Amino acid sequence: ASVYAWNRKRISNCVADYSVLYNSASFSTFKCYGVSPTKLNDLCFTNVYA
Amino acid sequence: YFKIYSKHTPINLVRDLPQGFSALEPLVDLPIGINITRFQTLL
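Line order of the protein sequences matches chains C and B.
Residues 348 to 397 (the authors' numbering) make up the first sequence, in order.
Residues 200 to 242 (the authors' numbering) make up the second sequence, in order.
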């Protein structure tokens, strides 16, 4: 969907699979502010939205 | 979210909705996300 009507998806109860995120070579703008970008498997947030 | 509850207890009234008490337990919750306005039933 275009940005005028931005679409969302909340991730349900599943085991987080984040090791393939920082290892992907297609990404070139993996900059963000918040938790450390390396302790992704040690995070226990209640709900996550995309 | 789509929540579904059901009891399925026997009764003795057919003429109308029976008078009694029975709690309803959840069955399954579906995290889909959709705007809804109407619905229909299928026999």
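Every residue, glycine too, gets a C-beta built ideally from N, C-alpha and C.
In this structure, how does DSSP classify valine 367 of chain C when only helix, strand and coil are distinguished? helix
So, do the region 355 to 370 of chain C and the region 379 to 390 of chain C have three or more beta carbon pairs nearer to each other than 8 Å? yes
Contacts around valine 227 of chain B, its chain only, beta-carbon distance under 6 Å, and the 5 residues preceding and following it disregarded: Answer for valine 227 of chain B: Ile203, listed in chain order.
If I follow the unbroken beta strand (DSSP E) through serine 205 of chain B, where does it start and stop? 201 to 205
If I'm right that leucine 229 of chain B touches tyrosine 200 of chain B with Cβ under 8 Å, what's the distance once you round it to whole angstroms? Contact holds; Cβ gap of about 7 Å.
Does the beta carbon of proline 225 of chain B sit closer than 8 Å to a beta carbon anywhere in chain C? no
Span of the beta strand (DSSP E), counted from its first residue to its last, around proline 225 of chain B: From DSSP, the beta strand (DSSP E) with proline 225 of chain B extends over 224 to 229.
Is any beta-carbon of chain B found at less than 8 Å from that of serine 349 of chain C? no
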